[PDB]
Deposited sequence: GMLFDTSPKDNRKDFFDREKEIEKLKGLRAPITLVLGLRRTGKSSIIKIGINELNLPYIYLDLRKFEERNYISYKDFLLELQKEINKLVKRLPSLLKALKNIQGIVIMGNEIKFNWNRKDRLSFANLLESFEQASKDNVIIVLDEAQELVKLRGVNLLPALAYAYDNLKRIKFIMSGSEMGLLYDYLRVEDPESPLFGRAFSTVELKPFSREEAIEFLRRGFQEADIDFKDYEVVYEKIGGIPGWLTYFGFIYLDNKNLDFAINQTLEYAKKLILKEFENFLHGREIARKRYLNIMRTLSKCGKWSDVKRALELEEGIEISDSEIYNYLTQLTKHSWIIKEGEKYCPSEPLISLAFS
């Protein structure tokens, strides 16, 4: 690969720095490791790099495939787990034997089929089958909020307290929703009071962004001069800088590569906003209004004024609070003081 491959990296040789973050992740320093960061900050990348370098058995649940749904069924969750387990038995010969006595499992012949299941007994059997730590990756774990008919928390707590060879890695692009999922705020919840080893990926600063591009161009062996305009136009999100780098290498026209990145970002961001608006069709026009209003940032008064201007009616403070709270939980905006801002520059652009 190369530094500007437009897919999550799986090798450190293709990945710019984040050395402290990868090393912390790899430390598996508590039974649960949280990987945080906005979309496109490299979370799936460091997880892949981390598990490749550790050379430990693992189950990888890519939950992004549920992002366009409002609900995940027990059946659809089990089919994903089933697929991963089948990869794991190939690495853990004695697992197929250890899964034989699980109530809802059927074996035929070097594979399993589920025919509810005890997630805690399942995890315990991975641990029985392995001399080494087994990593359970829940990539975009906050998606499990949508898995309404299953509560995995007691099983996660059981593992945390009792399964010493089970190490979870849970990532989330929507920080508040991830914490809400794990019920960190609820004293009676199974994971309350338990510490998570936490790694956060922030957007590149100006100097990091410039160094990232510099490194990828030096590696392609091509000249580049305009690093500052690229940062000014694209911003610090690694994923967008990566795409730009790829396009510029492919075409060598600065304005074309910037415009193509901007147009790709806008399309992707607005599709992701549609995922957000799924199940909120009642408040849909209002959310669009809020984001346009907050594009160049604004205060509560600006949000209120713009909503009431569009609809004519007075709008309560309860409704307003709920709309901004949802946007903040899902990482669309961030509140600085009395100022709410899109969480990165191209989200401003997308609603401009």
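Absence of C-alpha coordinates is noted for just one segment of the deposited sequence, namely 116 to 120.
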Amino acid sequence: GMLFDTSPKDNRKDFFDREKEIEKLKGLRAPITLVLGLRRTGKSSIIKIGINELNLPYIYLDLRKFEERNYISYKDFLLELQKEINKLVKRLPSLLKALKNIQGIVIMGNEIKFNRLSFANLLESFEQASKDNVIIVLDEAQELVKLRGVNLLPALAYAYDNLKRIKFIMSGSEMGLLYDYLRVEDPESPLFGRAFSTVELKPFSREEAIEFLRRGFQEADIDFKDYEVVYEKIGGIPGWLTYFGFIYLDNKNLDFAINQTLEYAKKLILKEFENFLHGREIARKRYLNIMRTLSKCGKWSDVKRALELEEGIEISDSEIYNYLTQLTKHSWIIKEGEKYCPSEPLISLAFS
From here on, numbers count along this sequence of modelled residues.
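Between the stretches 240 to 248 and 118 to 126, it is 118 to 126 that shows the larger average CA temperature factor. Legend: mean Cα B-factor per stretch from the PDB entry, 183 to 191 versus 106 to 114; the higher mean is in 106 to 114. Out of 283, 35, 54, 32, it is 283 whose C-alpha atom has the highest B-factor in the PDB entry. Ranking 200, 84, 221, 263 by Cα temperature factor from the entry places 84 first. Among the modelled residues of the chain, residue 78 sits in the highest third by CA temperature factor in this PDB entry. Ranked against the other modelled residues of its chain, the C-alpha B-factor of residue 295 as given in the entry falls in the highest third. Ranked within its chain, residue 312 lands in the highest third, by CA B factor from the PDB record. In this PDB entry, the Cα temperature factor of residue 341 sits in the top third of its chain's modelled residues, the highest group. When the modelled residues of the chain are ordered by C-alpha B-factor, residue 288 sits in the highest third.
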